[PDB]
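Dropping input_37.txt in here (compact mmCIF, C-alpha atoms and all ligand atoms):
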```
# COMPACT_ATOMS: atom_id res chain seq x y z
CA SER J 1 4.61 -27.35 0.17
CA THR J 2 2.76 -24.37 -1.23
CA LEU J 3 4.45 -25.20 -4.53
CA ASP J 4 2.44 -28.41 -4.71
CA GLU J 5 -0.69 -26.51 -3.62
CA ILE J 6 -0.07 -23.91 -6.35
CA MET J 7 0.33 -26.42 -9.17
CA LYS J 8 -2.63 -28.61 -8.08
CA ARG J 9 -4.93 -25.63 -7.79
CA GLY J 10 -3.73 -24.25 -11.17
CA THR J 11 -3.31 -20.63 -10.00
CA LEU J 12 -0.63 -18.48 -8.35
CA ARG J 13 -2.08 -16.20 -5.69
CA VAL J 14 -0.12 -12.99 -5.33
CA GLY J 15 -0.68 -10.76 -2.33
CA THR J 16 -0.30 -7.11 -3.36
CA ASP J 17 -1.35 -3.59 -1.98
CA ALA J 18 -2.31 -2.25 -5.31
CA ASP J 19 -2.04 1.55 -4.93
CA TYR J 20 1.71 1.73 -5.10
CA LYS J 21 2.93 3.00 -8.45
CA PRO J 22 5.03 1.98 -10.17
CA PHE J 23 5.14 -1.42 -8.36
CA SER J 24 1.46 -2.36 -8.37
CA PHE J 25 -1.59 -0.33 -9.22
CA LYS J 26 -4.68 -0.02 -11.33
CA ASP J 27 -4.49 1.45 -14.81
CA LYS J 28 -7.31 3.60 -16.28
CA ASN J 29 -9.45 0.44 -16.81
CA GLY J 30 -8.97 -0.74 -13.18
CA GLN J 31 -6.55 -3.46 -14.38
CA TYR J 32 -3.52 -4.61 -12.42
CA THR J 33 -0.31 -3.15 -13.69
CA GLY J 34 3.25 -2.42 -12.58
CA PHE J 35 6.71 -3.93 -12.09
CA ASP J 36 5.54 -6.36 -9.43
CA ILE J 37 2.57 -7.30 -11.63
CA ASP J 38 4.71 -8.07 -14.65
CA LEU J 39 7.09 -10.06 -12.49
CA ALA J 40 4.15 -11.91 -10.93
CA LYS J 41 2.99 -12.73 -14.45
CA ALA J 42 6.44 -13.98 -15.42
CA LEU J 43 6.59 -16.23 -12.35
CA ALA J 44 3.13 -17.63 -13.07
CA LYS J 45 4.19 -18.46 -16.67
CA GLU J 46 7.34 -20.20 -15.31
CA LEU J 47 5.06 -22.16 -12.95
CA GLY J 48 2.69 -23.18 -15.78
CA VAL J 49 -0.28 -21.50 -14.04
CA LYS J 50 -2.61 -18.52 -14.07
CA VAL J 51 -2.20 -15.49 -11.83
CA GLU J 52 -4.67 -14.14 -9.33
CA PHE J 53 -3.96 -10.92 -7.41
CA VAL J 54 -5.23 -10.61 -3.86
CA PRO J 55 -5.64 -6.97 -2.91
CA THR J 56 -4.40 -6.56 0.66
CA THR J 57 -3.89 -3.68 3.06
CA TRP J 58 -0.15 -3.09 3.53
CA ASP J 59 -0.20 -3.15 7.34
CA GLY J 60 -1.68 -6.66 7.52
CA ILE J 61 0.09 -8.03 4.46
CA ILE J 62 2.46 -10.28 6.42
CA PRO J 63 -0.32 -11.69 8.62
CA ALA J 64 -2.37 -12.33 5.49
CA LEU J 65 0.56 -14.24 4.04
CA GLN J 66 1.20 -16.23 7.22
CA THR J 67 -2.49 -17.29 7.42
CA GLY J 68 -2.58 -18.46 3.83
CA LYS J 69 -4.58 -15.72 2.13
CA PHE J 70 -2.16 -15.97 -0.75
CA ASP J 71 1.13 -17.67 -1.66
CA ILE J 72 3.58 -14.84 -2.15
CA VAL J 73 4.00 -11.10 -1.49
CA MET J 74 5.00 -9.07 -4.56
CA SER J 75 4.44 -5.51 -3.37
CA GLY J 76 7.62 -3.48 -3.20
CA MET J 77 8.61 -5.14 0.03
CA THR J 78 11.91 -4.16 1.61
CA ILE J 79 13.90 -7.03 3.23
CA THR J 80 14.49 -6.23 6.88
CA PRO J 81 15.85 -8.20 9.85
CA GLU J 82 12.60 -7.81 11.79
CA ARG J 83 10.57 -9.14 8.81
CA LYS J 84 13.08 -11.99 8.12
CA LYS J 85 12.04 -13.39 11.53
CA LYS J 86 8.46 -13.75 10.32
CA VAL J 87 8.80 -14.75 6.65
CA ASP J 88 11.38 -15.83 4.12
CA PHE J 89 12.54 -13.50 1.35
CA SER J 90 13.67 -14.25 -2.14
CA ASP J 91 16.96 -12.90 -3.36
CA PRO J 92 16.87 -9.10 -3.95
CA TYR J 93 14.82 -8.11 -6.97
CA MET J 94 15.40 -4.32 -6.72
CA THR J 95 16.82 -1.57 -4.45
CA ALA J 96 15.09 1.55 -2.95
CA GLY J 97 16.20 4.39 -0.71
CA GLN J 98 14.03 6.70 1.36
CA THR J 99 13.07 10.00 -0.24
CA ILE J 100 11.37 13.12 1.18
CA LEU J 101 8.68 14.86 -0.81
CA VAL J 102 7.60 18.48 -0.17
CA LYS J 103 5.55 21.28 -1.78
CA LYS J 104 7.58 23.22 -4.38
CA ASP J 105 6.95 26.38 -2.27
CA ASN J 106 8.34 24.85 0.92
CA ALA J 107 11.44 23.41 -0.86
CA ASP J 108 13.43 26.32 0.55
CA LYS J 109 13.03 25.33 4.22
CA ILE J 110 14.34 21.71 3.90
CA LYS J 111 17.93 20.64 3.21
CA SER J 112 17.79 17.11 4.74
CA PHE J 113 16.15 14.62 7.14
CA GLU J 114 17.58 16.56 10.08
CA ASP J 115 15.64 19.66 8.96
CA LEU J 116 12.39 17.71 9.49
CA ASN J 117 13.25 16.72 13.08
CA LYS J 118 11.61 19.82 14.58
CA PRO J 119 8.52 19.79 16.80
CA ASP J 120 6.34 21.95 14.49
CA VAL J 121 6.94 19.65 11.49
CA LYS J 122 4.23 17.15 10.44
CA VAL J 123 5.34 14.28 8.22
CA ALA J 124 3.12 11.74 6.46
CA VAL J 125 3.91 8.11 5.73
CA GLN J 126 2.23 4.86 4.85
CA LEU J 127 1.37 2.82 7.95
CA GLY J 128 3.58 -0.22 8.50
CA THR J 129 6.33 0.75 6.03
CA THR J 130 10.09 1.26 6.27
CA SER J 131 9.41 4.96 5.76
CA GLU J 132 7.35 4.96 9.00
CA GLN J 133 10.21 3.27 10.75
CA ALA J 134 12.76 5.67 9.26
CA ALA J 135 10.76 8.67 10.34
CA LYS J 136 10.06 7.40 13.82
CA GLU J 137 13.72 6.59 14.49
CA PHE J 138 15.32 9.63 12.75
CA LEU J 139 12.65 12.33 13.31
CA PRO J 140 11.52 11.73 16.90
CA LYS J 141 10.75 15.40 17.62
CA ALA J 142 8.37 15.58 14.61
CA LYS J 143 4.72 14.67 14.38
CA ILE J 144 4.36 11.49 12.35
CA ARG J 145 0.94 10.94 10.76
CA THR J 146 0.22 7.55 9.23
CA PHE J 147 -2.08 6.52 6.41
CA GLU J 148 -3.43 3.21 5.09
CA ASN J 149 -2.53 4.21 1.53
CA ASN J 150 0.18 6.32 -0.01
CA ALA J 151 -2.37 8.33 -1.99
CA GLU J 152 -3.76 9.88 1.21
CA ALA J 153 -0.24 10.70 2.41
CA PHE J 154 0.37 12.38 -0.91
CA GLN J 155 -2.91 14.23 -0.43
CA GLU J 156 -1.87 15.35 3.12
CA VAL J 157 1.26 17.02 1.90
CA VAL J 158 -0.46 18.70 -1.07
CA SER J 159 -3.29 19.98 1.10
CA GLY J 160 -0.78 21.51 3.50
CA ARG J 161 -1.81 19.28 6.43
CA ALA J 162 1.66 17.83 6.38
CA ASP J 163 4.94 19.47 5.63
CA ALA J 164 6.45 16.43 3.99
CA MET J 165 6.03 12.78 3.20
CA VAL J 166 8.64 10.05 3.13
CA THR J 167 8.39 7.12 0.76
CA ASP J 168 10.55 4.78 -1.36
CA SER J 169 12.70 6.69 -3.89
CA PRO J 170 11.02 5.23 -6.98
CA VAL J 171 7.57 6.05 -5.60
CA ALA J 172 8.63 9.60 -4.72
CA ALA J 173 9.96 10.08 -8.21
CA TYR J 174 6.75 8.77 -9.75
CA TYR J 175 4.65 11.17 -7.61
CA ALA J 176 6.87 14.09 -8.69
CA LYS J 177 5.81 13.47 -12.37
CA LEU J 178 2.34 15.80 -10.60
CA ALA J 179 4.17 19.12 -9.95
CA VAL J 180 5.34 18.66 -6.22
CA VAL J 181 9.16 18.31 -5.33
CA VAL J 182 11.83 15.71 -4.22
CA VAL J 183 14.70 16.17 -1.66
CA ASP J 184 17.12 13.29 -1.47
CA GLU J 185 18.20 11.21 1.52
CA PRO J 186 21.79 9.99 1.68
CA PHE J 187 21.74 7.55 4.63
CA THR J 188 20.54 4.07 3.40
CA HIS J 189 19.49 1.88 0.33
CA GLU J 190 17.92 -1.49 0.87
CA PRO J 191 16.99 -4.59 -1.22
CA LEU J 192 13.38 -5.44 -1.98
CA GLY J 193 12.30 -9.08 -2.12
CA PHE J 194 9.28 -11.32 -2.51
CA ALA J 195 8.04 -12.86 0.75
CA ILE J 196 6.81 -16.37 1.39
CA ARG J 197 5.90 -18.36 4.50
CA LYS J 198 8.72 -20.14 6.37
CA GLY J 199 9.12 -23.89 5.91
CA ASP J 200 8.74 -23.99 2.12
CA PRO J 201 12.19 -24.19 0.57
CA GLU J 202 10.81 -25.77 -2.65
CA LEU J 203 8.89 -22.57 -3.41
CA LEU J 204 11.76 -20.36 -2.25
CA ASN J 205 14.27 -22.19 -4.46
CA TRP J 206 11.85 -22.05 -7.36
CA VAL J 207 11.38 -18.31 -7.01
CA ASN J 208 15.13 -17.77 -6.68
CA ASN J 209 15.85 -19.99 -9.64
CA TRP J 210 13.22 -18.16 -11.70
CA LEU J 211 14.55 -14.76 -10.77
CA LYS J 212 18.11 -15.87 -11.45
CA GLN J 213 16.99 -16.96 -14.91
CA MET J 214 15.36 -13.62 -15.76
CA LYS J 215 18.45 -11.65 -14.81
CA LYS J 216 20.53 -13.98 -16.95
CA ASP J 217 18.42 -13.90 -20.13
CA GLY J 218 17.59 -10.20 -20.52
CA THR J 219 13.93 -10.49 -19.42
CA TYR J 220 14.46 -8.67 -16.13
CA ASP J 221 16.42 -5.75 -17.62
CA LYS J 222 13.69 -5.21 -20.24
CA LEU J 223 11.22 -5.00 -17.42
CA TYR J 224 13.32 -2.78 -15.11
CA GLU J 225 13.96 -0.16 -17.77
CA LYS J 226 10.27 -0.28 -18.64
CA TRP J 227 9.22 0.92 -15.18
CA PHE J 228 12.28 2.95 -14.00
CA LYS J 229 13.54 4.56 -17.28
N1 LIG J 301 2.56 -1.76 -1.83
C1 LIG J 301 3.03 -1.04 -0.81
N2 LIG J 301 2.23 -0.25 -0.11
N3 LIG J 301 4.31 -1.11 -0.48
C2 LIG J 301 4.92 -0.35 0.60
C3 LIG J 301 6.37 -0.79 0.78
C4 LIG J 301 7.21 0.30 1.39
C5 LIG J 301 8.56 -0.21 1.79
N4 LIG J 301 9.34 -0.63 0.62
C6 LIG J 301 8.39 -1.40 2.66
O1 LIG J 301 8.58 -2.54 2.20
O2 LIG J 301 8.03 -1.21 3.82
```

Go through the file and emit its structure as C-alpha cells.
Ligand SMILES: NC(=[NH2+])NCCC[C@H](N)C(=O)O
Amino acid sequence: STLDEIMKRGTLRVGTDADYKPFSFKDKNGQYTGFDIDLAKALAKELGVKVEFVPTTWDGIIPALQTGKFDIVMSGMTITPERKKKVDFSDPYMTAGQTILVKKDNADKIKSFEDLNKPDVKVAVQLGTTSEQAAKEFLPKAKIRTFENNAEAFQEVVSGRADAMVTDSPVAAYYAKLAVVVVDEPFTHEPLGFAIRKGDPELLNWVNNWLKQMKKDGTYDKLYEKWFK
C-alpha cells in the first residue's frame, strides 16, 4: 500500500498543477499556496509526515499518478465517470460549476452557452479539463483552442484572440478580481475529489476518514471561507 510507502519514506508526495488559483499556485515568493495546498498540509500532519509538492502538467496528471510520480492528486480535480475508471476518488471535498469569462466590452453579445455555439466564436480552455469537455460537447460549431495552463487561456481572451474562456466557477471568479467579466452557466455542478491509484483502500479510507474529521471539527469550514469568502 502507498500508505505504508508514505509513512516509511517520511513524506507525502502531492501531485498538483500549480497555476490554478485559488486551488494551487505560487505566491509572490514562489511558494506553494491555495486551498488544495492547505488541505495537503492538513493531510500530511494527520499522516505524521512532511509534504512535498510535485508540479505536474494537468493533461498528464493522471498518467503521472498511475506511474507513481506522486501519491495523491490535490489539484481541483472534478470527479467524473471516465476518470473513475482510471483512478479512485476521495469523497467530495468541494463543488464547482462551469463559468464563461468574456471581455467587459463583449459582455453585450453573450447571454449563455448557446450564444457561444456559433462558427465565428473562438473559445479558450485548459487542455484536458472538464471545461474542454463541456465546450466540445455543448459548443460544437465553435472553434475550441486549448492551452497547457489557464494563464494563457486568460491571456487569449484578454488579447482578443478568443471571444471567451470557460473554466471552473471559483477560478473564473478569481480571474474577475483583474477587470474582465463573468457570465453564469446554469446546466451542471460537480464534486471535486482527491485522486489516488486503484488497489489502495488503506490510503483511500485514510483520506476519507481525515476529510470526514475536518468537516466535523470546524477545520474545513475555516479553510473554505478563507479561500472562497
Ligand atoms: N490545477 C488544474 N489545472 N486544475 C484543472 C481542473 C479543472 C476541472 N476541475 C477538472 O478537474 O478537469

May I have the residues within 9 Å of ligand LIG 301 (chain J), computed using all atoms listed in the file, as a PyMOL selection string?
chain J and resi 16-21+23-25+56-59+74-80+96-98+126-133+148-150+167-168+190-193

Could you take the residues named above and write them with C-alpha atoms, as a short mmCIF file (atom, residue, chain, number, x, y, z; two decimals), in the coordinates of the input?
```
data_model
loop_
_atom_site.label_atom_id
_atom_site.label_comp_id
_atom_site.auth_asym_id
_atom_site.auth_seq_id
_atom_site.Cartn_x
_atom_site.Cartn_y
_atom_site.Cartn_z
CA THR J 16 -0.30 -7.11 -3.36
CA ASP J 17 -1.35 -3.59 -1.98
CA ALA J 18 -2.31 -2.25 -5.31
CA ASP J 19 -2.04 1.55 -4.93
CA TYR J 20 1.71 1.73 -5.10
CA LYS J 21 2.93 3.00 -8.45
CA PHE J 23 5.14 -1.42 -8.36
CA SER J 24 1.46 -2.36 -8.37
CA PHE J 25 -1.59 -0.33 -9.22
CA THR J 56 -4.40 -6.56 0.66
CA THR J 57 -3.89 -3.68 3.06
CA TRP J 58 -0.15 -3.09 3.53
CA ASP J 59 -0.20 -3.15 7.34
CA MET J 74 5.00 -9.07 -4.56
CA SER J 75 4.44 -5.51 -3.37
CA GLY J 76 7.62 -3.48 -3.20
CA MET J 77 8.61 -5.14 0.03
CA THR J 78 11.91 -4.16 1.61
CA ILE J 79 13.90 -7.03 3.23
CA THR J 80 14.49 -6.23 6.88
CA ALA J 96 15.09 1.55 -2.95
CA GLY J 97 16.20 4.39 -0.71
CA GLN J 98 14.03 6.70 1.36
CA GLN J 126 2.23 4.86 4.85
CA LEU J 127 1.37 2.82 7.95
CA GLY J 128 3.58 -0.22 8.50
CA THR J 129 6.33 0.75 6.03
CA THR J 130 10.09 1.26 6.27
CA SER J 131 9.41 4.96 5.76
CA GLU J 132 7.35 4.96 9.00
CA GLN J 133 10.21 3.27 10.75
CA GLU J 148 -3.43 3.21 5.09
CA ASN J 149 -2.53 4.21 1.53
CA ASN J 150 0.18 6.32 -0.01
CA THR J 167 8.39 7.12 0.76
CA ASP J 168 10.55 4.78 -1.36
CA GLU J 190 17.92 -1.49 0.87
CA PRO J 191 16.99 -4.59 -1.22
CA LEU J 192 13.38 -5.44 -1.98
CA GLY J 193 12.30 -9.08 -2.12
#
```

Nearest to residue J:61 by atom-to-atom distance, counting only C-alpha atoms, from J:153, J:211, J:142, J:195
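When distances to residue J:61 are compared using only C-alpha atoms, the smallest one comes from J:195.
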
Could you name the residues that touch residue J:194 at 6 Å or less, counting all atoms listed in the file, but leaving out those on the same chain fewer than 2 positions away, as number ranges by chain?
J: 73-74, 89-90

Please list as a PyMOL selection string every residue within 12 Å of stretch 183-186 of chain J, counting only C-alpha atoms and excluding residues in the same chain fewer than 4 positions away.
chain J and resi 96-104+106-116+131+134-135+138+164-170+172-173+176

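For the pair atom CA of residue J:82 and atom CA of residue J:200, the interatomic distance is 19.2 Å.
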
Which one is closest to residue J:40: J:178, J:223, J:64, J:144? Count only C-alpha atoms.
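Among the listed residues, the smallest separation from residue J:40 belongs to J:223.
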
Between J:161, J:189, J:226, J:84, which one has atoms that come closest to residue J:122, using all atoms listed in the file?
J:161

Within 7 Å of file point (-1.4, -12.6, -1.7), counting only C-alpha atoms, expressed as a list in words
residues 13, 14, 15, 16, 53, 54, 65, 69, 70, 71, 72 and 73 of chain J

Of the candidates J:198, J:220, J:210, J:118, which one gets nearest to residue J:45 if we count only C-alpha atoms?
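For residue J:45, the nearest of the given residues is J:210.
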